[PDB]
Protein chains: 2
Amino acid sequence: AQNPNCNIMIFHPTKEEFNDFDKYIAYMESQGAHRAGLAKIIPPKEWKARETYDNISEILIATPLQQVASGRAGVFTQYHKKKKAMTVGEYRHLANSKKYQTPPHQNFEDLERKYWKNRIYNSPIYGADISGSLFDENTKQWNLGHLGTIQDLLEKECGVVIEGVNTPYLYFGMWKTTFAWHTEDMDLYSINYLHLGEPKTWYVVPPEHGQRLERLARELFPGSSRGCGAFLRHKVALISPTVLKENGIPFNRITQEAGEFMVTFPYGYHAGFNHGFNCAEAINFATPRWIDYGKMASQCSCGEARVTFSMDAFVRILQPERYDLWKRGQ
Amino acid sequence: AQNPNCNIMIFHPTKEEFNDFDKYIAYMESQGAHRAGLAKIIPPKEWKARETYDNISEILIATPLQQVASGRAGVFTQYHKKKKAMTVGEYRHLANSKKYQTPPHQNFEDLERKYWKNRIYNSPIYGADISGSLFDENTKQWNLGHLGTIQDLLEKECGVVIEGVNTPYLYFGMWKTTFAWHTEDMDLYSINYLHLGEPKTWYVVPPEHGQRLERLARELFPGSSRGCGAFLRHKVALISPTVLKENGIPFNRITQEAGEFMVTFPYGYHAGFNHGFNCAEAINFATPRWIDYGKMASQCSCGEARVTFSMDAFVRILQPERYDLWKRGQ
Ligand SMILES: O=C(O)c1ccnc(C(=O)O)c1
Ligand SMILES: O=C(O)c1ccnc(C(=O)O)c1
Ligand code: NI
Ligand code: NI
Ligand SMILES: [Zn+2]
Ligand SMILES: [Zn+2]
């Protein structure tokens, strides 16, 4: 078996290999990349997402989110407090202000230490889940707005036509902005491109060990667990690498820099943080190998978890026994 | 000047002419098609949207709408009463039931007479604005899920990058289901493909005469006009061809059949009805010629008009003086 230790693999496709997206995902999996839950892909030197990022300041962040923490430094939850709308230009200025700017640091490891030591004592503001794309329409390779849709994948594999659409989202981050431990909706794949700015550090648990993370989370957030059998779907819980190590949870970490893609694989739990002002674009996607994961995906039915229009058909077709209960939660 | 009488033109592109969508829209306009407000395009015989429609019955209509009329036979409003969810298979069975099925009729003109005589005395159920597509992903020509986005058009023309996405919608209709007099959001173009089933009859006012329709509507719906300076944006008012003729309003009519495209042009008011069970797909789009119409588009700020996520950026960039007032309405 390839990649038995479940290491995060890094790929350097040629421009020829960068033409057929589906084919290259399949290639990565043939080398065992999916066992880690996360892979990095560095585009060929001839490739670019768009010409420049000089004209993005007028994009609106309609609902910036202030991420307020509760708990202890290595085990905490965060809630999202809505703030007034602001443009990307205004947001960038805020990110670089004395209150919010990245501190002096020696290297990525030093900054990681500072993050886990000090995150809970600040409340950074995140510009998340903004429908849109920064890929040029003329970019034909790995354009996240031009991927095959999940609805078409389900139709091709299972023969049923369903409603729903599948479009990309933008994320504008600043120092200490945080994404909580989660898998994707319906345990889909995701792909994330860091367009511009400072790095993003990722943590990931191998899909074959996801249940170990779930069990620890139940122990560490006992009230939350009693409230919902799938509370990690709420995307609010953080556990540090030190605490994961203390509890023997298998995981890996890697830092993504501007110009790099990350792919998360079905049922790969991940979490992470931004180093400073940046912009990323992400979208979910499916392959034939996903279908079995979709059929088995846990669901939140307590009502807390956010849910897109497209989710209904996924649950309806792949999980008909769970559909009525889930629908009541929606 | 081409097409000075503003007649609805019908086009028969060859398979070669069907390759470049933008180029063919520009060609139609060079022949004066836009002066009518509406054009029909019959695809080349070699073209197909998808292989079959045999597997669409499991699509969900989450919120079917019962269209309840008030007023008189030729001048009425309709409101939408929400009904329980049903699949397309269930909806098709309902459309064909004795209560809702198309009556016996001699030809399209006979059915049109019956529609305007009897519409208000029934309340048909419409499956409208369902995000999704029935085009095969391998259909490369005139695939309504693969058009250039409005956001990219605005960026190309005016140099500013904006948030937002632009995806198609499905419409499942039955006898007497009705679309009220309206122009598109921001006076955009639209394109409509009738995938399957019974015909759709359209009425349209030439863009150069849109104000004449607005003035008559103010006279015929005086309370509505007092409530909102752009109340046709609410998409609830119907005026028959007989009443339009009585009041000297220039208009044209045409019936669309399965397998045919209709394009509406900026500020072309249109209305119409379905002949029986059918399914259509539609999306808005822009060209460089649209920008001046977008800048001048009326807006509803009374709060009634529905508004997509994408609308914000359009108003923000093209109509900054109106943005604050419009935003309060949203
Ligand atoms: O905020 C991010 O960068 C991020 C990373 C991974 N996943 C998500 C998500 O919402 O799935 C968001
Ligand atoms: O219901 C339709 O077929 C239809 C036709 C034209 N326009 C619209 C619309 O919502 O713009 C809907
Ligand atoms: Ni994620
Ligand atoms: Ni319309
Ligand atoms: Zn829950
Ligand atoms: Zn209004």
Side-chain angles (χ1 to χ4, degrees), chain A residues 50 52-63 85 87-88 127 129-139 145-149 151-156 158-170 172 195 279 281 283 308-310 312-313 315-317 320 323 327, chain B residues 50 52-63 85 87-88 127 129-139 145-149 151-156 158-170 172 195 279 281 283 308-310 312-313 315-317 320 323 327:
Chain A
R50 69 180 297 114
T52 82
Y53 293 88
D54 289 342
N55 301 115
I56 69 170
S57 295
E58 314 300 313
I59 294 172
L60 191 68
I61 306 172
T63 311
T87 65
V88 164
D129 303 317
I130 297 164
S131 286
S133 183
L134 288 175
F135 286 89
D136 191 305
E137 66 179 3
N138 300 129
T139 298
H146 295 172
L147 303 182
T149 71
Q151 292 81 15
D152 282 341
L153 183 281
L154 186 59
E155 179 185 334
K156 285 187 293 190
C158 303
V160 67
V161 183
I162 53 166
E163 77 283 359
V165 72
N166 176 207
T167 59
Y169 295 91
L170 302 173
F172 296 91
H195 279 284
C279 173
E281 178 171 342
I283 195 175
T308 64
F309 174 83
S310 300
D312 196 278
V315 181
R316 197 171 75 243
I317 298 308
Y323 182 64
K327 191 69 189 189
Chain B
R50 69 180 297 114
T52 82
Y53 293 88
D54 289 342
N55 301 115
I56 69 170
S57 295
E58 314 300 313
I59 294 172
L60 191 68
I61 306 172
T63 311
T87 65
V88 164
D129 303 317
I130 297 164
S131 286
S133 183
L134 288 175
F135 286 89
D136 191 305
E137 66 179 3
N138 300 129
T139 298
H146 295 172
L147 303 182
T149 71
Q151 292 81 15
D152 282 341
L153 183 281
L154 186 59
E155 179 185 334
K156 285 187 293 190
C158 303
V160 67
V161 183
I162 53 166
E163 77 283 359
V165 72
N166 176 207
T167 59
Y169 295 91
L170 302 173
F172 296 91
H195 279 284
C279 173
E281 178 171 342
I283 195 175
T308 64
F309 174 83
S310 300
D312 196 278
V315 181
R316 197 171 75 243
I317 298 308
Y323 182 64
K327 191 69 189 189

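For the numbers below, each heavy atom of this structure counts, side chains included, while hydrogens, waters and symmetry mates do not. To find a chain, count down the sequence lines: A is the first, B the second, and so on, and within it residues start at 1.
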Drop me the distance from A/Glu163's CD to B/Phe172's CZ, to the nearest 0.5 angstrom.
9.0 Å

Shorter than 4.5 Å, heavy atoms on both sides: which option in B/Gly164, B/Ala313, B/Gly132 has the most such pairs with chain A?
B/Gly164

Side chain, backbone, both or neither: which part of A/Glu58 has a non-hydrogen atom closer than 4.5 Å to chain B?
both

CZ-CD1 distance between A/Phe309 and B/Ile130, expressed to the nearest 0.5 angstrom
7.0 Å

CD1 on A/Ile56 to CD1 on B/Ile162, rounded to 0.5 Å:
14.0 Å

Determine, stepwise, if the pair A/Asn55 / B/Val160 fulfils side-chain contact (heavy atoms from CB on, under 4.5 Å).
CA-CA 6 Å; A/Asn55 301 115; B/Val160 67; over 6 Å; no

What part of B/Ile59 lies closer than 4.5 angstrom to a heavy atom of chain A: side chain, backbone, both or neither?
both

Any A/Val161 side-chain heavy atom under 4.5 Å of B/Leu134 side chain:
yes

Side chain, backbone, both or neither: which part of B/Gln151 has a heavy atom under 4.5 Å from chain A?
neither

Calculate, to the nearest 0.5 Å, the distance between atoms CG and CG belonging to B/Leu60 and A/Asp312 respectively.
5.5 Å

Max heavy-atom pair count under 4.5 Å with chain A, selected residue of B/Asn166, B/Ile317, B/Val165:
B/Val165

For B/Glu137, is there an ion pair with A/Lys156 - N to carboxylate O distance below 4.0 angstrom?
yes

